[PDB]
Structures are given as structure tokens and as C-alpha cells.
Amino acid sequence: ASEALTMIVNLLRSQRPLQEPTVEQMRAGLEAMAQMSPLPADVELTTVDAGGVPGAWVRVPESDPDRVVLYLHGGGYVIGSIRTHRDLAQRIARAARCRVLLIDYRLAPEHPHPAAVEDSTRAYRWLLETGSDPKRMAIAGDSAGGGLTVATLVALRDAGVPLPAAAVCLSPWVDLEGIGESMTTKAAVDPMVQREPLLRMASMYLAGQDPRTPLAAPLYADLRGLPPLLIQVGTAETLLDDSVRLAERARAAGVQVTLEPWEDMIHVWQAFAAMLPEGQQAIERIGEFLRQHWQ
């Protein structure tokens, strides 16, 4: 990997964003980190009420206005915001030449599961109601947002809602128990995600519900009929086996899956695309994948 990876690893080993002592310190910590990657002047941000869920349209000069990614941010279902993920949203908008709807879905512990999935499905139905066409849509998300992407597709399918052209999962979190082999074997090389913080956030999200609740932990969901899925994951991730197990389950359910393991990459390395070449390379791949499925 690029020497830039060492700089990102050094930042994450010091900032330890998922290890802050309170939820508000975790939220403020991630907002502080996001303020480092500042928004290009050509990004247009429009706040919107997306059918009862706060959102922001993210548009760049070459955004095809009829193509839309519903973007579901990461942060363990507990942290993250429009502010933390607007840079990743504009980079995807730029690579996919589309608009991105970034939603402020309800967060735990204040709003436990299934609030996040109610909000993501509501935003998708709102896009249809306001004239977006599924054949020009996609759902994408990182980490918890990658799990929420799969859960959103399952919930939409089960409600007879037409599914989008494709979906994208960046280092998805789909096993809320952390029982993947990589949760042990990659613990030493993962500078961001470990089992204890994972379980802390799963507890807040589940509020005593079965950790194998299918819309909370889509490793246990029925994935039949989902649209083509790109899963990007780093091999230096405790969550590597979340992506491997999701790919296995989705392919067993007849889903078109592209599993892309990026050698030595860390959790949601795409977020560091300003400084990390593999981050921008991976976002270009997201854009290529989406444009291919919108052809």
C-alpha cells in the first residue's frame, strides 16, 4: 500500500474515535476529524425534509440530476451525521456523476433499532414519491451504513417497493456479535474497529433485542431478489469477515455480488481519499460500478 496509509494509521491510532468515554465525545470526535477534509467550493448542499427524515442533497457540477444515491453514513448506528459524511458523499457524487441524498437517520442510543431502517426506507419511498426512478437509483453506505443499506433493501423488497439498480457497501457491519474470524485475527492490524467498541454500539442499537435480528444484523436476513451489490472492504479490518460472510449469503440467495478486498486497507479507507490514493481509487471504482448499472 501507499506510504500515505502509515499517516492515516498514525492518525487513527491517536484519535481512537470509537474509544471516546461518552457518546457525545465520540460524536464530537468524528465531527472534529471530518472538519479536516473541507468541502470543495463546487459542492452544492441543499437541506431537505426527505419525507420525515432530515437530509441534504449533495450535487457537484457533473451530477446527472435524474441519478440518485441514497447514502447511509457509518458510525455504529450511534455517531456520524450529514457533517461527518458530506465529503464522502460529494466524492461519490463526483465519481458516479449523480446527486447524493445524505440522510440524518435516527441514532442510538436515543432511537434504537428499528428507527434507522424506518428512516432509510422512508427516505427511499420519498425519492420515489418525488419522481426518482429506481433504474436510476442506488443505496450506498459505510460500516453501520453498509449494514443499513442491506437491511433497507430487504425491508423495501418485503414491502413490495421497487428496488434500485444497484447498492454499495463500504466495510459493512452485518454481524453485531463480532464472531467473524477476522475479529480475532485482524485485531492487531485494525487501528479503528475492535470487538469491545463494536459490542458497545450494538448494545445501544439493539436495546436488548436479539443480536441476530435480521434488519439489525443482515447476515441473518433473507437477501433473495436484492440488486447487484458492490462490497468494498480492507484486508486490514476486523470487519473483513463481515464482508466475506455477506458476499457468501448474498450469492447463495442469487444476488449479483462483487466482493472487492483491498490489500492492507483499513476501515472505510475511502473517507481518507483526500490524503490516501487507494481511497480515491476505491471511490472511482464505486462511480464506475454505479454508472455500469445505470447504463
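Start at 1 with the first residue shown and count on from there. We call the rigid core the largest set of C-alpha positions that still match within 1.5 Å between the two forms.
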Between 63-71 and 25-33, where do the CA atoms move more in 5 other deposited structures of this protein, taking the root mean square over the structures and residues after a core fit?
25-33
Stretch 5-13 versus stretch 268-276: after rigid core alignment, which one is farther off in C-alpha RMS in 5 other deposited structures of this protein?
5-13
Is it the case that, in at least a third of the other entries compared (those modelling both flanking residues), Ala221 has no coordinates?
no
In at least a third of the other compared PDB entries, does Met137 have no coordinates?
no
Residue stretch of maximal mean CA temperature factor, 127-135 vs 108-116:
127-135
Quick check: 270-278 versus 17-25, which has the larger average CA B-factor in the record?
17-25
Residue, from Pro261, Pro61, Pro54, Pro228, that the PDB entry assigns the highest Cα B-factor:
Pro61
Tell me, please, which of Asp222, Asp175, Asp158, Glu181 has the highest C-alpha B factor according to the deposited entry?
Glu181
Cα B factor band for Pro214 (lowest, middle or highest third within the chain)
middle
Modelled-residue ranking by C-alpha temperature factor, third containing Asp66
highest
Taking the values exactly as deposited, rank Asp242 by C-alpha B-factor within its chain and report the matching third: lowest, middle or highest.
lowest
Entry-reported C-alpha B-factor of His73 relative to its chain, by third, is lowest
Give the position of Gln256 by CA B-factor within its chain, expressed as the lowest, middle or highest third.
middle
